[PDB]
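What the coordinates show
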Amino acid sequence: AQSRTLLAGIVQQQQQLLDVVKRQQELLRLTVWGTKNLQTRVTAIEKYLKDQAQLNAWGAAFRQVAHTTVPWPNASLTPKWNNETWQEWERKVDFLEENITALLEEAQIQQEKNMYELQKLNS
Amino acid sequence: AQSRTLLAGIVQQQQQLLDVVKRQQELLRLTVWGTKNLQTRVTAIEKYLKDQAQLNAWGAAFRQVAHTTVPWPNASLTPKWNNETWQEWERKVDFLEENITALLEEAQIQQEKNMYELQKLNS
Amino acid sequence: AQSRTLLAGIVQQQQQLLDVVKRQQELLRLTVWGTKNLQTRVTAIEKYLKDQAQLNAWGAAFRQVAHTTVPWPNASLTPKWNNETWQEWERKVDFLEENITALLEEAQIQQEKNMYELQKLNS
């Protein structure tokens, strides 16, 4: 008279939900790659911006033996403020990924134990 | 003597969790739009950077009938390496979205079946 | 003869899944900060690009009492089209965060009620 079939669906449903949660974790990682990839493109642009500062005046002296070069800074490079703050951002993600993996591990162990107990009821 | 009320809460709870998971999928899509939107802005900047290369020296020749134009490349355009890698990134998201939709469909069908079975117990 | 132990695992499992979902919400917020942070860097670049337009020709006139300054626009600033569309993007996230918080609140209240009912069965 036990409703094992109803429990099997409920237990099975939890497994389905757990799988979808895992898919979100992999999807989230793909998004992180896009953001980081954009930064790499930004660094390439900074190099080119520095070149523009080098460009100042060509042939602006055909009656003098001198050339005016004005390589004024162009791209503001972040040495410590963004790096320290960005590492903190990455660090928070690392703790969340480690905490989520722990919870997923317990769920998998608990999920299998719940199904195992169900078989013992009528097996 | 069956604990249908406890099961109704458990079954109902799974429905609530399923709804929240769906909300994350829509929220994830909004984040993807922001990343892609930034790239469109980056392309506009590349056009302007090319213009800076065109700027070289104006009036740098008032004793000669010539003008020095130095349009040296400025923005490094990605033709195949980033596109092929980016398509792979988008492709992975497409498979994950299709797999998540399949799991959600099964959960909805299974979720309704679990509630339907519960009514048959006392209906 | 009630399978409270099986229910305790199922009820406990839902709590574990709820916790992981909350972790995704915090992880999603960290990703939003990275995207917004990139835009701040982009604004700094726009200021520098304007400076490049100012750079035109230095000393390109050693036989005339005039200087040619050509500060042609460089960074295309978005005043209304991107802001209005971006606010809509942020607005959608705000409604999703508010809706997810509501669902989480109901789950927590319902989750505790389900455990409370279980104790009454044998307490």
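Residues numbered from 1 in each chain as written, not as in the entry; some residues may be left out. Chains lettered and ligands numbered in written order. Heavy atoms only, no water.

Going by the header, the method for this PDB entry is solution NMR.

Within the PDB entry, the label attached to chain A reads GP41, and the organism entered is Simian immunodeficiency virus. According to its PDB record, this entry is titled "SOLUTION NMR STRUCTURE OF ECTODOMAIN OF SIV GP41, MODELS 31-40 OF AN ENSEMBLE OF 40 SIMULATED ANNEALING STRUCTURES".

1. Structural notes on the pattern of salt bridges
In this structure the tally under the stated criterion is 9 salt bridges over all chains. A salt bridge links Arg 23 of chain A to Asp 19 of chain A; the shortest N-O distance between them is 3.8 Å. Remark: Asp 19 of chain A and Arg 23 of chain A occur in helix α1 (residues 4-54); sequence separation between them is 4 residues, near one turn of the helix. Judged by relative accessible area, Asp 19 of chain A falls into the partly exposed class, the value being 30%. Note that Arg 29 of chain B is salt-bridged to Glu 97 of chain B, the shortest N-O span being 2.6 Å. On the criterion of sequence distance, the pair formed by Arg 29 of chain B in helix α1 (residues 4-54) and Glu 97 of chain B in helix α2 (residues 81-121) is long-range, its members being 68 residues apart. Owing to a relative accessible area of 38%, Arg 29 of chain B belongs among the partly exposed residues under this scheme. (Salt bridge = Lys/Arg side-chain N within 4 Å of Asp/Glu carboxyl O. Helix = DSSP H or I, 4+ residues; strand = E, 2+ residues; numbered from the N terminus. Buried < 20%, exposed > 50% of the residue type's maximum accessible area, 1.4 Å probe, protein only.)

2. A look at the packing of α1 of chain B against α2 of chain B
Residues and elements named next belong to chain B. Close contact between α1 and α2 brings their axes to 11 Å; oriented N to C, the two are set at 160°. Here α1 is positioned roughly antiparallel relative to α2, judged by the angle of their axes. The handedness of the crossing between α1 and α2 comes out as left-handed. Residues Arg 4, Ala 8, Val 11, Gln 14, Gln 15, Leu 18, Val 21, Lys 22, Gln 25, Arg 29, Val 32 and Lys 36 of α1 touch α2, and the partners they reach there are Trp 86, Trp 89, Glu 90, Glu 97, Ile 100, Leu 104, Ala 107, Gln 108, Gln 111, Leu 118, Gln 119 and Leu 121. Split by residue class, the contact of α1 with α2 holds 12 nonpolar, 6 polar and 6 charged. (Axes fitted to C-alpha atoms, helices over the stretch in contact; angles between N-to-C directions. Parallel < 35°, antiparallel > 145°, perpendicular 65-115°, else oblique. Left-handed = near helix turned anticlockwise from the far one by under 90°. Contact = heavy atoms within 4.5 Å. Nonpolar A, V, L, I, M, F, W, Y, C, P; charged D, E, K, R; others polar.)

3. A closer look at the relation of the copies chain A and chain C
Mapping chain A onto chain C calls for a screw motion: a turn of 120° about the axis and a shift of 0.0 Å along it, with 0.0 Å RMSD after fitting. Between the two chains, the operation in question is that of a three-fold axis. Proximity to the rotation axis, assessed at the C-alpha, singles out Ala 60 of chain A in chain A; its C-alpha lies 2.3 Å from the axis. (Least-squares fit on C-alpha atoms.)

4. Describing the packing of aromatic side chains
Taken as a whole, this structure holds 9 aromatic pairs over all chains when the rule is applied. Relative to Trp 33 of chain C, the ring of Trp 86 of chain A has its centre 5.2 Å away and its plane inclined at 35°; by these criteria the two rings are tilted. Linking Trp 86 of chain A in helix α2 (residues 81-121) with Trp 33 of chain C in helix α1 (residues 4-54), this pair reaches from one chain into another. Here the aromatic rings of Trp 86 of chain C and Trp 89 of chain C are separated by 4.3 Å at their centres, their planes lie at 45°, and the arrangement is tilted. In this pair, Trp 86 of chain C and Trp 89 of chain C are both assigned in helix α2 (residues 81-121), 3 residues apart and thus about one turn of the helix distant. Residue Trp 86 of chain C shares its accessibility class with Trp 89 of chain C, and that shared class is buried. Pairwise contacts between aromatic rings join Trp 33 of chain A together with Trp 86 and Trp 89 of chain B into one cluster. Taking NZ or CZ as reference, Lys 47 of chain B lies 4.7 Å from the ring centre of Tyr 48 of chain B, over its face. (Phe/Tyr/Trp six-rings, centres within 6.5 Å; stacked < 30°, edge-to-face > 60°. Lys NZ or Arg CZ within 6 Å of the ring centre and 35° of its normal.)

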